[PDB]
Every structure is written in structure tokens, then in C-alpha cells.
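Asks: To start, I am sharing the structure in question, which I have written as C-alpha cells.
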Amino acid sequence: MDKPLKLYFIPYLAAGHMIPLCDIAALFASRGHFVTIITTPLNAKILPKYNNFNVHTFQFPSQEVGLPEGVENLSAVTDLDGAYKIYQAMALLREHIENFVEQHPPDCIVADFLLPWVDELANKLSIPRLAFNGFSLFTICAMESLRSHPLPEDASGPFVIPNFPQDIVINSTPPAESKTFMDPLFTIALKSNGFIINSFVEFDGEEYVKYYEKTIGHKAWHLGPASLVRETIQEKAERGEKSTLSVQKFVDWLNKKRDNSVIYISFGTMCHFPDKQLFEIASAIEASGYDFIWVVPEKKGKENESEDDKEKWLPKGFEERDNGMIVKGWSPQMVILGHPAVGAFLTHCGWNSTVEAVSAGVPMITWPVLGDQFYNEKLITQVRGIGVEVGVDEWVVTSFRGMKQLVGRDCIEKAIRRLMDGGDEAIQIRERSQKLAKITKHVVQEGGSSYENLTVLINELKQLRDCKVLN
Ligand SMILES: CC1(C)[C@@H](O[C@@H]2O[C@H](CO)[C@@H](O)[C@H](O)[C@@H]2O)CC[C@@]2(C)[C@H]3C(=O)C=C4[C@@H]5C[C@@](C)(C(=O)S[C@@H]6O[C@H](CO)[C@@H](O)[C@H](O)[C@@H]6O)CC[C@]5(C)CC[C@@]4(C)[C@]3(C)CC[C@@H]12
Ligand SMILES: O=c1ccn([C@@H]2O[C@H](COP(=O)(O)OP(=O)(O)O)[C@@H](O)[C@H]2O)c(=O)[nH]1
């Protein structure tokens, strides 16, 4: 504890994995250790500089992959080809990332599971390495249970998470493609010294800290929700990217509405719905009759469209009825969710949007799409009971307009009203969300669960540093 720790963080160029890992590095920075993010210049611009907080940037190889100069992240990508370029750009940056880390070795490396070449880098440098995927520990347990007990290849439809601490049924089977990409990353990540989770034990469940530790044989570190590291308005409003609309424009409009009278609809980054699907969402939004903040990244840069191009995805007269805000880009989600007017959230069950909703105490309407979201759907609705389900069952591998099954407006509206109409069910769901909200307020504060986990994590990293100094 006499000298601080030198920690490097290598976040992947994805909004869901860049945002949380930098906030997690800000928790290390608040303790007095020298953190350092290693990413591209555009992704490091939005990062507020704390104490000890520094970045090391290598220029994004735009013309090497074939991208415009303004695209250095997966959130600005609207095509499956773009995700390949973001990955290929990460392969080219692998050279200079390894060289910089070899020239100035840190006390510890924290790297994403999407980059599995950090294993050789930390090994030859004989330094402790931490893995990060931004999933829930509950989901990580569920995906390692399917890896030990594979589903029959023919089987499809709902399935039970095998040999779990709690009987849980996921609504659809994962794609066979998902297994071939995920399993190599989990195996390399399990070769790491520890796993960093942007969650707290009161939410994932202690029976899964004991499941991951004793059944799988690996250490996890509940350090989140790291979104709580941003306290001011400017810290909450600038995340990953500058907001598209003025943050005060949202607040002045939300301040005029009642409490729990606004629905926030955002399927996160990397999810783009076809125009038919957006039409069903829009029809179900106006049919519910509730004010809404709808994030539509599918139509960013497509403002003042001709009447033909707008009727492809919106009912005629939808924008004339000013009962909501259609944001075609980044939204201050921490700000919008924090406002007392938002009382419901239509989510893709992404983990960042999930813990941010638990902090703000907003119940969630679940619409999972890919990745860890179909496990998160059941963590929201069955395990913790802070949300209702739409009832979707399409588990795509790519979400870039790839969905082949149309979710009807009668299905969406039915779920929207189950939380906005204030029924007897919705009342106690919002009570269980407020119970977790009060707990979440001080899990990163002194004495909390995730706070003390970071205290233990630092001490063990300091120990390993003191052992290397002997040699
Ligand atoms: C196969 C390919 C298209 C890949 O192309 C290959 O590249 C290698 C490079 O050496 C070559 O050797 C091959 O010949 C070939 O060209 C490029 C892109 C790519 C890698 C994958 C990809 O970009 C992302 C995912 C992604 C992984 C995962 C675990 C995430 O964590 S995504 C992440 O978090 C959440 C998760 O829900 C997202 O919502 C966030 O926005 C953020 O992106 C799960 C989801 C997903 C989409 C699974 C597929 C893949 C591994 C993908 C698209 C497979 C295809 C692959
Ligand atoms: O318009 C948007 C879209 C996304 N986000 C942020 O992007 C992250 C989305 O992460 P999540 O894991 O929920 O979705 P994923 O990016 O994995 O699809 C969260 O921090 C959101 O607050 C935001 O602030 N505004």
C-alpha cells in the first residue's frame, strides 16, 4: 500500500464493452492507483480525466480496413461488414498494444475477452491478468453450464439451464454459431487470474458467486455497477459518445411530465431493426398512449426525410403527434433513466442498460436479441422480478437488420401496458425495483459489497507486485 499500482485497461472498440471498463478503471483511479486506457483517439475523447487517469492512444487504421475517419467504434457501424472492420482494426492495433505493454510493463493487465491474445502478452511478462466481458456473473455461470452440458444439436425452443442453482428456462435456444465464437473466448478468459463483473452480488445472487467459484473453479470480482462512478450531470450525460440532442432539452421536457408516465425505448448499440419492425414498435407506442423517449439508431443521419422514407417505419402522422422524442443517435441514458418521469424501459436486456436501470429503479420490458441477453431476460423477470417480458423468441447471431420474425404491435403494446397502466402486478414490480435501487446506491460506496471487493482485489494485486519485486 506504500506505492500505487500501475494498471492497464484494453477495452474493445464496442460501446457495451468500452463504456463499463473505463468506468471500472475509474473506480481504481478513485482509490489512488495509476490507471491507463489503451484505445483509439475517438473513444478516449469522451473520457473525463480523473486523478491518475490517463490514456494511451494509437490512431485508428481507417483506410487500412476501409472505414470513414469518424468510425472507430461498433456503435457508429450499421453493417455486418463494419463489425469485421472494427475487429480487423483491433488485429492491426494488436501489434502496437503489445509493444507498448512490453516496453512499460504494468502491475496488472485488464483486457476484454474478445481479445484473447492478451494471454500470451501477460504470460511472457509474468504479470497478473484480469478478464472482462461485461456480462453478469449469473449469465457467465449459465453459459459455462451449457458448455459442460451441451444441448442436443437438433433441439430448439425453450430449454432449461442445466444443473443450475435455480431452475430457469430460457425462451429460445442459442444459435450453433454462437457456441463456436464464445467458447474459445471463455476458455482463454478462464486462464486469467480473475474475472471483473460490472455487477454486485445482491443482484447476481450469492448462490452464483459460490457456483462460479466452486463448480467452475475461477475467481470473479463484483465491482459494479460502475455507472455509479459518474455522479454529476456532465459525468452522466457524456458516456461513450456526446449526446445527439442537448441534455437540457430532455430534462425540460421530462420535468413537465408526471412521475412514471414516460416509457424509454432503446435497444442499445449494435442492434438495428428492419423498418417493418420499427413500424410495429411505433404503432404499439402510440396505441399505448404513453409519452416516450424512443432511441432509433437505425435512422441516425436520416433527418428531414421525405414523406415516403418516413412512412417506411412510422405511421402517417406519428411525428405530428408530439407525444414523445425520437432520438436518432446517442441518448443520455443515465440521465433519462435517472429522471422520475421515466417509469418503464423497453430494453434489449443488455447488461449495461440493465444495471443502469437497477440503479435508477426503473422496471424493464424485456426484448432480448443476441449474446448474453436471453439469459439477462430471465434474470430481470424471474430471478429478481423487476420486469415483464414481451415474449420474443428470436435469438439472432447478428442484429444488423437480420431478424426474420416480426414482433407484432399487439404483443409489444400488451407488455408496455403491463407496467405503465399501474396494475396490481406492476405496483409490486416497481417496489422490488426500488428495493434494489436503494441497495445499489451504496454498493460502490464505502462499506458496500462491490466496494469491499475492490478493496480485496487491490490487496491481492499489491501482493503479486511485492512478489515480483523479490525476483
Ligand atoms: C466471423 C466474423 C465475421 C469475423 O471475421 C473473421 O475475422 C477473422 C479475424 O482474424 C478472420 O480470420 C476470418 O477469416 C473472418 O474474416 C469478424 C467479426 C465477427 C468477429 C464477430 C463480431 O464482431 C462480434 C460478435 C459478437 C460477440 C459477443 C460476445 C459480444 O460481446 S458483442 C458486444 O457486447 C454486446 C453483446 O450483446 C453487444 O450488444 C455489444 O454491442 C458489443 O458488440 C456476442 C455478440 C456477437 C454479435 C456474436 C457474434 C460475433 C462473435 C461476430 C459477429 C461473429 C462473426 C465474426
Ligand atoms: O443512445 C444510446 C445508446 C446506448 N447508450 C449506452 O450504451 C450502453 C449500452 O450497453 P448495453 O450492454 O446495454 O447494450 P450493448 O451495447 O451491449 O448492446 C449503456 O451504457 C447505455 O447507457 C447510451 O447512453 N445512449
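Ordered as shown in the C-alpha cells, chains take letters A, B, and onward, while each chain numbers its residues from 1 and ligands are numbered from 1 in the order shown.
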I'd like the neighbourhood of residue 153 (chain A) as a VMD selection string, where a residue qualifies if any of its atoms comes within 12 Å (using only C-alpha atoms), though same-chain residues fewer than 2 positions away should be ignored.

Replies: chain A and resid 149 to 151 155 to 157 173 to 177 179

Asks: Residues of region 164-325 of chain A classed as strand (DSSP E or B) by DSSP on the backbone are to be reported as a VMD selection string.

Replies: chain A and resid 169 to 170 194 to 197 220 to 222 239 241 262 to 266 272 291 to 295 324 to 325

Asks: Let me make sure I understand: among A:467, A:121, A:93, A:140, which one has the smallest atom-to-atom distance to residue 185 (chain A) if we use only C-alpha atoms?

Replies: A:140

Asks: Can you tell me which residues surround residue 178 (chain A) at a distance of at most 12 Å, considering only C-alpha atoms, apart from same-chain residues fewer than 3 positions away, and format the answer as a PDB file with C-alpha atoms, in the first residue's frame?

Replies:
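Output (around-v8.pdb):
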ATOM      1  CA  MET A 143     -23.089 -20.060 -20.379  1.00  0.00           C
ATOM      2  CA  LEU A 146     -24.236 -25.068 -21.367  1.00  0.00           C
ATOM      3  CA  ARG A 147     -20.553 -25.544 -22.210  1.00  0.00           C
ATOM      4  CA  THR A 173     -32.127 -21.997 -28.000  1.00  0.00           C
ATOM      5  CA  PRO A 174     -28.885 -20.179 -28.855  1.00  0.00           C
ATOM      6  CA  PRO A 175     -27.511 -20.293 -32.401  1.00  0.00           C
ATOM      7  CA  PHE A 181     -17.228 -17.972 -31.228  1.00  0.00           C
ATOM      8  CA  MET A 182     -17.950 -17.741 -27.487  1.00  0.00           C
ATOM      9  CA  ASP A 183     -16.363 -20.941 -26.159  1.00  0.00           C
ATOM     10  CA  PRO A 184     -12.780 -20.105 -27.288  1.00  0.00           C
ATOM     11  CA  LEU A 185     -13.037 -16.731 -25.537  1.00  0.00           C
ATOM     12  CA  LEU A 370     -28.380 -11.866 -29.148  1.00  0.00           C
ATOM     13  CA  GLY A 371     -25.428 -12.671 -26.923  1.00  0.00           C
ATOM     14  CA  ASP A 372     -25.967 -12.734 -23.169  1.00  0.00           C
ATOM     15  CA  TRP A 395     -32.008 -15.341 -30.904  1.00  0.00           C
ATOM     16  CA  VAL A 396     -30.130 -13.876 -33.863  1.00  0.00           C
ATOM     17  CA  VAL A 397     -26.357 -14.116 -34.187  1.00  0.00           C
ATOM     18  CA  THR A 398     -26.188 -10.708 -35.886  1.00  0.00           C
TER      19      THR A 398
END

Asks: May I have a table of the residues of chain A lying at most 8 Å from ligand 2, giving each one's closest pair of atoms and their distance in Å to one decimal, counting only C-alpha atoms and all ligand atoms, ordered by chain and ascending residue number, as CSV?

Replies:
residue,atom,partner,partner_atom_place_in_ligand_line,distance
A:14,CA,ligand 2,16 (O),7.1
A:15,CA,ligand 2,16 (O),5.0
A:16,CA,ligand 2,16 (O),3.5
A:17,CA,ligand 2,17 (O),7.0
A:19,CA,ligand 2,20 (O),6.0
A:20,CA,ligand 2,20 (O),6.9
A:75,CA,ligand 2,16 (O),7.7
A:134,CA,ligand 2,12 (O),7.3
A:227,CA,ligand 2,20 (O),7.7
A:237,CA,ligand 2,24 (O),7.7
A:238,CA,ligand 2,24 (O),8.0
A:239,CA,ligand 2,24 (O),5.9
A:240,CA,ligand 2,7 (O),7.1
A:241,CA,ligand 2,24 (O),7.6
A:243,CA,ligand 2,25 (N),7.4
A:266,CA,ligand 2,3 (C),6.6
A:267,CA,ligand 2,18 (O),6.9
A:268,CA,ligand 2,18 (O),4.4
A:269,CA,ligand 2,16 (O),4.4
A:270,CA,ligand 2,18 (O),5.5
A:271,CA,ligand 2,18 (O),6.5
A:295,CA,ligand 2,1 (O),5.9
A:296,CA,ligand 2,1 (O),7.9
A:297,CA,ligand 2,1 (O),7.2
A:327,CA,ligand 2,1 (O),7.6
A:329,CA,ligand 2,1 (O),5.5
A:330,CA,ligand 2,1 (O),3.4
A:331,CA,ligand 2,1 (O),3.8
A:332,CA,ligand 2,24 (O),5.0
A:333,CA,ligand 2,24 (O),4.4
A:334,CA,ligand 2,22 (O),5.8
A:347,CA,ligand 2,13 (O),7.8
A:348,CA,ligand 2,13 (O),7.2
A:349,CA,ligand 2,13 (O),6.6
A:350,CA,ligand 2,13 (O),3.6
A:351,CA,ligand 2,12 (O),4.4
A:352,CA,ligand 2,12 (O),3.9
A:353,CA,ligand 2,13 (O),3.5
A:354,CA,ligand 2,13 (O),6.3
A:356,CA,ligand 2,22 (O),7.2
